[PDB]
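Working through the structure, step by step
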Protein chains: 2
Amino acid sequence: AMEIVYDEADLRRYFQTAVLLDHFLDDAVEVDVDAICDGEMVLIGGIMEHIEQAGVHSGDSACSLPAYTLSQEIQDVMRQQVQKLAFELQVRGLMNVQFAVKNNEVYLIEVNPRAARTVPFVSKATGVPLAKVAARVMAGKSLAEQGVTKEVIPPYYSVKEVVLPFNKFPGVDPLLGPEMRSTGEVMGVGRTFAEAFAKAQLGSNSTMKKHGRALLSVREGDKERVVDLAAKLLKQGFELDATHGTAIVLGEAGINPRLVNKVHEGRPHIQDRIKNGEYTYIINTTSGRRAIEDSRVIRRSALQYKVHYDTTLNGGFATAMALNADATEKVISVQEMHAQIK
Amino acid sequence: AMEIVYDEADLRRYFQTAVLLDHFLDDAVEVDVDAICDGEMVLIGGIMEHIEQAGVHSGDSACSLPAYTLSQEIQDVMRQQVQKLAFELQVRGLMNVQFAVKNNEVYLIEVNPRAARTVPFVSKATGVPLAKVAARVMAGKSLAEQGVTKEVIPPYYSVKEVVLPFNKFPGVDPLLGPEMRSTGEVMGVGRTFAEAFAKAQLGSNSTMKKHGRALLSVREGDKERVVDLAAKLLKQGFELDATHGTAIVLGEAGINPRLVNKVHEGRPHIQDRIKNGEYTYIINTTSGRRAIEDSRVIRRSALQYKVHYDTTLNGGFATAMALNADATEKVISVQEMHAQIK
Ligand SMILES: Nc1ncnc2c1ncn2[C@@H]1O[C@H](COP(=O)(O)OP(=O)(O)O)[C@@H](O)[C@H]1O
Ligand SMILES: Nc1ncnc2c1ncn2[C@@H]1O[C@H](COP(=O)(O)OP(=O)(O)O)[C@@H](O)[C@H]1O
Ligand SMILES: NCCC[C@H](N)C(=O)O
Ligand SMILES: NCCC[C@H](N)C(=O)O
Ligand SMILES: [Cl-]
Ligand SMILES: [K+]
Ligand SMILES: [K+]
Ligand SMILES: [K+]
Ligand SMILES: [K+]
Ligand SMILES: [Mn+2]
Ligand SMILES: [Mn+2]
């Protein structure tokens, strides 16, 4: 298990239902780092920046190699910490290090001193067979002896997206969190981030469309960045609907979405609107046990009626960017990809 | 003392703070008819169609001479009805009748076998000193004898608007009802109902503007018709704001107003905006002792801030028609007016 308590009252509440305690790094970028240590040196296999923020398990987060928003400066910091950790822990073969970047500061989430699930994706994206290398290291052949001593940074973007099994258990609230529920993943290769993400989104079987009406229903903390996402959808040709508070926020910024009723507010409401095929896209972010349990019907209908939905603002942005790409425009083979690697 | 009750609950509730019970003719057109009978015949002095529906006391209703929406067919029955009354009642001199028109049916409200407060208006509009005629009649000189026998229909529209003393008494909810509160009245003469109403409106000291932002917040029964008014305002160049329910309705119709918060909903709310002179027009309609008490702050606020406001949808429609006209375009003397009559 894993849960995120927001306030004192939430604490006891949880406790009632319910021990390590940890400050939840809100509004942080999650990063994964795969590396090999031979006792002599440390090789960075790959720095992957997650699309979904810290708080959504990495196994359920889409990610990019290379990072699409992290500064080189901060990545360099993560690279140095990985090395510090590698040598100190006595790693010999693979390791994976997870961070959270909040306010230009690097925080450590955890160290997995072994092969991590991102190893295949990184190998594919970079042309380096990490498990083959780390296995030789473990058996006794150094990285220097193998001629694998420099971190590779591909000339293209590699985006990994996941597939979740919620459709198999419709009674479950289809939302992301600190616990992993995904079964698999796909990879998208693009000239740009938008291009890789688009191919990854499509590969994951997304029903995302390039037109239609979008439903925006976000949490307080997102209300501010929503405006921009709303502008983006607008410039794309989407029409918009929104719930009360979200509408309030848009209006104030000059955006007037068409108001939609909350299930308790009356009719018609979102469920009806979703059930009746009015939307081609949904962005609904929530925060707090109670608020979640309450918004459960949005997510559930969206999944039922096959409407593409994002449950993170970060995901919404990414989806928005891909709107600008065409995943069927161009294709590349793995051999070509690896040949482009200088 | 007169009040309107809506349900069982409502009735006792009254009874508490609290006898004739009368069906309430909801969504009906109120009409006033002034006439003279001499036992021999009946002369129709004037048929005035109120702008505010039945439920808004005659003395506080703006009215039109001649009717501005009413059918000839309907007028004729009223006309017939009056007569019948004039005789049965044995009326000799002046009389006034008030009808209500629901679903093309004419209901009888009250008959006043004397001179009504409308007489001077009618007299000025039509050119006939109803007062003297009736006087001559009362003193033995028949309509026939006098040479006044056929109902006069003017060639221009005459609109009567009233003035309320609410500003002298602020603790008062400046809202209309079955009880008269006005002190005086003004007259507007025009080629079109719109032009007459525009003059009457200006004449009544209205602060209505020809631009800015409107605030719409109407009751359920009105929610339907409001769309058309919204559209009209829209055509005139106004920007719109609406409270939730109203914003929904509008949206369902293609109109996305800017969503605003009621007072208990958040900040800023309507009071805040009114207070900041955010609006140039407000349309607020309400049903229920509760909805009314609850909306009180809207009206007091508007009154206090000098924003023109309508408390009836019919009123709003008229305000809107008037936006088409220009009260200062043409001036006409009473002498001239009377000269045009055939
Ligand atoms: N302090 C924290 N702040 C923010 N997010 C965190 C924090 N600790 C854990 N998480 C989130 O929870 C997920 C799982 O935590 P982790 O320690 O890596 O568990 P696991 O062993 O299942 O991999 C992370 O991938 C991350 O999104
Ligand atoms: N049955 C009714 N249905 C709807 N409105 C009514 C009804 N009876 C009266 N009214 C409204 O209340 C007002 C007052 O009624 P009325 O009997 O004419 O009172 P008053 O003696 O003050 O002139 C009317 O001018 C009208 O707007
Ligand atoms: N990478 C996780 C899958 C994203 C899913 N559309 C969601 O936003 O919940
Ligand atoms: N004819 C009565 C005055 C109208 C006022 N604006 C109101 O609608 O309450
Ligand atoms: Cl299930
Ligand atoms: K994450
Ligand atoms: K772990
Ligand atoms: K009336
Ligand atoms: K009376
Ligand atoms: Mn982990
Ligand atoms: Mn009356």
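Note on numbering: positions run from 1 along each chain as its sequence is written and may not match the entry's numbering; residues without coordinates are not listed. Chain letters start at A and ligand numbers start at 1, both assigned in the order the entries are written. What you see is one piece of a larger assembly, and the values refer to that piece, not the whole. Note that the side-chain values use all heavy atoms of the structure and ignore hydrogens as well as water.

The deposited coordinates derive from X-ray crystallography, with the record listing a resolution of 2.00 Å.

**Looking at the coordination of the manganese ion (ligand 10)**
Residues and elements named next belong to chain A. Within the protein, the atoms that donate to the manganese ion (ligand 10) are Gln-98 (OE1) and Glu-110 (OE), at distances of 2.1 to 2.3 Å. Coordination partners: N, O, S within 2.8 Å of the metal, 3.2 Å for Na, K and Ca; water not considered, so apparent gaps in a site are possible. The potassium ion (ligand 7) is placed at 4.0 Å from the manganese ion (ligand 10), the two being bridged by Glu-110. Taken as a pair, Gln-98 in strand β4 (residues 93–102) and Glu-110 in strand β5 (residues 105–112) lie far apart in primary sequence, 12 residues in all. Here the term buried applies to any residue with accessible area under 20% of the maximum for its type, exposed to any over 50%, and partly exposed to those in between, with areas from a 1.4 Å probe on protein chains only. According to the relative accessible area criterion, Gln-98 is buried, its value standing at 8%. The helix count covers DSSP runs of H or I at least four residues long, the strand count covers runs of E at least two residues long, and both are numbered beginning at the N terminus.

**Some points on the coordination of the manganese ion (ligand 11)**
All names here are of chain B. Every protein donor of the manganese ion (ligand 11) is listed here as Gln-98 (OE1) and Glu-110 (OE), and their distances to the metal cover 2.3 Å. Between the manganese ion (ligand 11) and the potassium ion (ligand 9) the interatomic distance comes to 4.4 Å, and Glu-110 is a ligand of both metals. On the basis of relative accessibility, which here comes to 37%, the residue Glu-110 falls in the partly exposed class.

**What about the site of ligand 3?**
Residues and elements named next belong to chain A. Taken together, the neighbourhood of ligand 3 is formed by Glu-52, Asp-60, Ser-61, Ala-62, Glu-161, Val-162, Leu-164, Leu-176, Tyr-309, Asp-310 and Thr-311. Side-chain polar atom of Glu-52 to a nitrogen atom of ligand 3: 2.9 Å apart, as the coordinates give it. A distance of 2.5 Å separates a nitrogen atom of ligand 3 from a polar side-chain atom of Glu-161. Surface burial for ligand 3 is 89%, taken as the share of its 290 Å² of free accessible area covered by protein chains. Residue classes follow a fixed rule: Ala, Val, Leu, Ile, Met, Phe, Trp, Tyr, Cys and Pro count as nonpolar, while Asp, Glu, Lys and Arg count as charged, and any other residue, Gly among them, counts as polar. Here the shell around ligand 3 is built from residues that sort into 5 nonpolar, 2 polar and 4 charged. What makes a residue near a molecule or strand is one non-hydrogen atom of that residue sitting within 4 Å of it. Side-chain atoms alone can form a polar contact between residues adjacent in sequence; in general such a contact is a pair of N or O atoms within 3.5 Å, and within protein one must be able to donate a hydrogen while the other accepts it. With residues, only the protein chains shown are counted as cover, and all accessible areas are computed by Shrake-Rupley using a 1.4 Å probe.

**As for the packing of helix α7 (residues 223–236) of chain A against helix α11 (residues 313–322) of chain A**
Residues and elements named next belong to chain A. It is the contact of α7 with α11, at a shortest axis distance of 10 Å, that shows an interaxial angle of 20 degrees. The angle between α7 and α11 places the two elements in the roughly parallel class. For the crossing formed where α7 meets α11, the hand is left-handed. Within the contact between the two elements, α7 uses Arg-225, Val-226, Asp-228, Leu-229 and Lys-232 and α11 uses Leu-313, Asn-314, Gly-316, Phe-317 and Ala-320. Taken together, the residues of the contact of α7 with α11 break down into 5 nonpolar, 2 polar and 3 charged. In this description, a line fitted to the C-alpha atoms serves as the axis of each element, helices being fitted only across the stretch in contact, and the angle between N-to-C directions of two axes falls anywhere from 0 to 180 degrees. With respect to orientation, any angle under 35 degrees is reported as roughly parallel, any angle over 145 as roughly antiparallel, any angle of 65 to 115 as roughly perpendicular, and every other angle as oblique. The crossing is said to be left-handed when, going from far helix to near helix, the turn is anticlockwise and less than a right angle, and right-handed when the turn is clockwise. Should any heavy atoms of two residues lie within 4.5 Å, those residues are considered in contact.

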